[PDB]
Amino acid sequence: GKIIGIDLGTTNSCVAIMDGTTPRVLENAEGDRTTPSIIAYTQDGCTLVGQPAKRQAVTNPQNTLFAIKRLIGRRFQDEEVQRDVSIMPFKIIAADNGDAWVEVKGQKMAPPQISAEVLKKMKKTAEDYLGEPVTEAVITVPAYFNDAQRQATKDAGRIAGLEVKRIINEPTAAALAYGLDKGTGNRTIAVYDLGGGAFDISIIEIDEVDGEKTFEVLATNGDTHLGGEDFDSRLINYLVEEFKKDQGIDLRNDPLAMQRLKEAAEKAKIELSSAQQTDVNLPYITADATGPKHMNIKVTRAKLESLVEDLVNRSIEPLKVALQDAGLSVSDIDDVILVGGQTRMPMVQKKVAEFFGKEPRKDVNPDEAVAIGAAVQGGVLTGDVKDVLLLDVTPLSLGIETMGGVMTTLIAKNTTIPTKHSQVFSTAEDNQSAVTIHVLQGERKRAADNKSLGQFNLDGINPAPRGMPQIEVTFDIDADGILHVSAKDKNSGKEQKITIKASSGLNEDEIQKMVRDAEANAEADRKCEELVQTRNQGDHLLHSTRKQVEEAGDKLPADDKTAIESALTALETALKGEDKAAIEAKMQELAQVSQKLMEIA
């Protein structure tokens, strides 16, 4: 059917469709144009995504997962993951291959599955709105996502039952959303996307020659682990230090208190984007030997700015790096476009404006432009948006490890994608059977300081002295920015088989198994919905039977009254439980014992 565009954000996700030439953002089941990227697994087998998961996060700290986008595609021993391990209320564990997974109720779960739950909620929103199945989608990633993160997001899309037609960089989607109506003036733009967990900057030229829009990404940079979560962490650290000073209690040891404190810190941070001062005001935070406790702390805007200024400057540096890569200057920027809720902070806007010497645009919605651009990209793929060309780039230099552990670059950063690079490898010693190519991404001169894409073993090499075979290895980077390594015999042209070791991601068996698990999870969700409907029916029956008993009054026989009231109590007790069959049996018994009373009514 239609290709929906899904913004899979760290904090909030957003689904859009291409209604003709007009992109439209679809409200979810709860009536919100954005959905929190929160996933909760209850004890009863039900899965909550969005606001329903958000509401119960306090009572389910170890089984409510959020900010999974900051774990997806990452190794367990990574510094960012290691820091996040002691912060997140849910358990972060190491997969068998060393990837960072989560543990929920004793179950190891890859971040692609958890993100696929959010993608499934977006899919269900699109299908409820359109009244037809959806099987194709465009999914967004941060522009600076590496190969592992992009492939992991694509795998998450596949596990959700979606054919991922395109993985598009979020600043590119913002530029697509901006360029649909407005100029069309051969502009040059700087997209500054600061979300909940990731930050990107993209310098993109949009020139329209003879009604043919061309979006060419001149440069891109950023930090995939810098976002609103870090601002919240700074505010939480200040709050806990002040509360420990003025109350003598370390609040980090109480999971419920930490959950409510994180929520209040985010609330106060959002409030300080409009107010000059606010109050972190939470009663019943924790308890000590004396009894209940309360928190009321004044926070000015200046204090938050002091706490987050260094993060803002960390976001400023990639602007300079990207401008240098694009070979331009600050004055060359025709427009500056802010994307992301965290750019709503006055300090962020002031810093960006004073860096660029220019006011950022104010007609770009920072919460929905990315999904709209994804929908526009989908329409371009289908053909419903004609005369649009896209020349995106890869954000990281692709290289191989050579003698001394030194990186040799084959595809430099900011190279336009899709792209190819072929290189011939050969033997270096007598009677070799396999040659290993250590493929990595990064800019540092040392291989150990970069991101390892893995060891590609060309094994099964015919016996020969050193230097005899000529094996042409081709490195492809597709429109999604994902690497594909192929091999061929230079002399004959026959393909050479490659084995990938010491890599990251999911194999085909895991992906298919997780698709089956997602289908079973959908079955369980349907059963949970049916149980809720049954409980609603039971409540209706209770109310109707009580009304009829009350309106019959003294006309009702005493034995029938006692039996009906006992049945009412039993049905109420069953309704408070979590057993559908018991509820249905109690409803049947109540209907049987009160049949004549309801027939009279």
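When you see a residue number, it is the position in the sequence shown, counting from 1.
566 to 574 versus 532 to 540: which one carries the higher mean Cα B factor per the record? Between 532 to 540 and 566 to 574, it is 566 to 574.
Comparing 115 to 123 with 173 to 181, which has the greater mean CA B-factor as deposited? Taking the mean C-alpha B-factor of 115 to 123 and of 173 to 181, the larger value falls to 173 to 181.
Determine which member of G196, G211, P366, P395 has the highest CA B-factor, using the values in the deposited entry. Across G196, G211, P366, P395, the entry lists the biggest C-alpha B-factor for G211.
Out of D478, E472, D128, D200, which one has a C-alpha B factor higher than all the others in the entry? Answer, based on the entry's C-alpha B-factors: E472.
Within this chain, which third does the Cα B-factor at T64 fall in: lowest, middle or highest? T64: CA B-factor falls in the middle third of its chain.
Based on the entry's values, in what third of the chain does the Cα temperature factor of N462 lie: lowest, middle or highest? Highest third, going by the recorded CA B-factors of the chain.
Split the chain's modelled residues into thirds by Cα B-factor; is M18 in the lowest, middle or highest one? Highest third - that is where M18 ends up once the chain's C-alpha B-factors are sorted.
Quick check for you: using the entry's CA B-factors within this chain, is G553 in the lowest, middle or highest third? For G553, the deposited C-alpha B-factor lands in the middle third.
Going by the recorded CA B-factors, say which third of the chain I39 sits in, lowest, middle or highest. Lowest third of the chain for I39's C-alpha B-factor.
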